[PDB]
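A short write-up of the structure that comes next.
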Amino acid sequence: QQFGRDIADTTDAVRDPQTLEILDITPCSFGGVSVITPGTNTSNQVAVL
Amino acid sequence: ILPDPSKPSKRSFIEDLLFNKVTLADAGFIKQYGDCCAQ
Ligand SMILES: *[C@@H]1O[C@H](CO)[C@@H](O)[C@H](O)[C@H]1NC(C)=O
Ligand SMILES: *[C@@H]1O[C@H](CO)[C@@H](O)[C@H](O)[C@H]1NC(C)=O
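Chains C and A, in that order, are what the protein sequence lines are.
Start counting at 1 in the first sequence, then tack on 562, and there's your number in the entry's author numbering.
Counting with the entry's author numbering, you get residues 805 to 840, 851 to 853 for the letters of the second sequence.
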């Protein structure tokens with residue numbers, strides 16, 4: 563075997579062609595940008611989560 | 805059914821039985837993302 567998979571049909575493991583080691587693949591961290599505000603009629607300062 | 809302070813969670817014996825009985829066999833997607851985290 564060369565590279566792995568799962569039920570998700572995504573590549574999460576691979577063999578290094580340089581040395582005999584097993585490496586796992588974890589995607590870059592991401593997410594949505596949520597902005598919390600008390601309303602523009604009250605203030606201007608906001609909080610980002 | 806009343807909660808007891810001898811356990812960290814504010815549950816009872818029947819409540820913990822419900823949580824430990826409904827689970828997933830790692831055949832889906834919630835366990836990979838929802839329950840921990852690895853995206
Ligand atoms: C909200 O905005 C209105 C203008 O549309 C303003 O008259 C009011 O003083 C503001 N503040 C409130 C309703 O607390
Ligand atoms: C988050 O980063 C900290 C670094 O201080 C680490 O100790 C912790 O394990 C990380 N949480 C994870 C990987 O879930």
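All C-beta atoms in this analysis are idealised placements derived from N, C-alpha and C, irrespective of residue type, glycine included.
Run the proximity test for residue i: is its beta-carbon closer than 7 angstroms to any non-hydrogen atom belonging to ligand 2?
i	result
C851/A	yes
Do residue i and ligand 1 come close, with the Cβ less than 7 angstroms from some heavy atom?
i	result
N606/C	no
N603/C	yes
Quick one: list the residues of chain A neighbouring residue i, beta-carbon separation under 7 angstroms, in chain order.
i	result
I569/C	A831
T588/C	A852
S591/C	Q853
Could you tell me the distance, in whole angstroms, from the CA atom of residue i to the CA atom of residue j?
i	j	result
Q836/A	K811/A	28 angstroms
residue 616/C	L821/A	Missing from the structure shown is residue 616/C; chain C here goes from 563 to 611 and no further.
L828/A	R567/C	20 angstroms
residue 847/A	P807/A	Inspection of chain A shows residue 840 followed directly by residue 851; residue 847/A is thus not represented.
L611/C	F592/C	12 angstroms
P600/C	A609/C	9 angstroms
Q853/A	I834/A	11 angstroms
So, using beta-carbon positions, are residue i and residue j closer together than 8 angstroms?
i	j	result
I587/C	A570/C	no
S813/A	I805/A	no
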